[PDB]
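Working notes, beginning with the structure itself.
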Amino acid sequence: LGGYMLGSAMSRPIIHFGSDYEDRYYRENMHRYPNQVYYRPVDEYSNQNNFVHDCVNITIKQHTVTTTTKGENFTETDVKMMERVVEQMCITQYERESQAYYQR
C-alpha cells in the first residue's frame, strides 16, 4: 500500500449482523481489529464499491500479514467481520470527503 494515505479516525461502529451472537463476537475482539483504513484520494481511481473492495482488501490483507508476522492468526471469521467494519470506515471516509470534494 506504499502510496496510500490514512483517513480520519472514528469511534468503533456497531455492525448489526442479524444475530446477537455475531454482535458479541465482534465486541469481544474489536480492540484487536483495526480502527482506521488505508486508501488514496478521489483524484483518478474514483469509484465507489470497486474502491471499497480495494481499500478493504488492502486494509485486511495488511492485517493478515502483520498477524502472521507476530505469529497471531485472526481467523477467516474475524476477516469476514473486519471486511464489514473496514467497509463502514471506508464508506464513511468516502462520504465525508465527497461533501468536501464532490460538493465543490
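FYI, residue positions are counted from 1 along the chain as it appears here.
This deposition comes from solution NMR.
Keep in mind that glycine also has a Cβ here, set from the backbone N, Cα and C atoms.
The feature disulfide bond is assigned by Swiss-Prot to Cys55-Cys90. Among the features that Swiss-Prot reports, N-linked glycosylation site is placed at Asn57, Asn73.
A simple Cβ count within 10 Å picks out one of the glycosylation sites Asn57, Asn73 as the most packed, and that one is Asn57. Each residue contributes its Cα atom, and for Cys90 (disulfide bond) and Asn57 (N-linked glycosylation site) those atoms are 11 Å apart. A distance of 21 Å separates the Cα atom of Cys55 (disulfide bond) from that of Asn73 (N-linked glycosylation site). A coil conformation is recorded for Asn73 (N-linked glycosylation site) in the three-state DSSP classification, outside any helix or strand.
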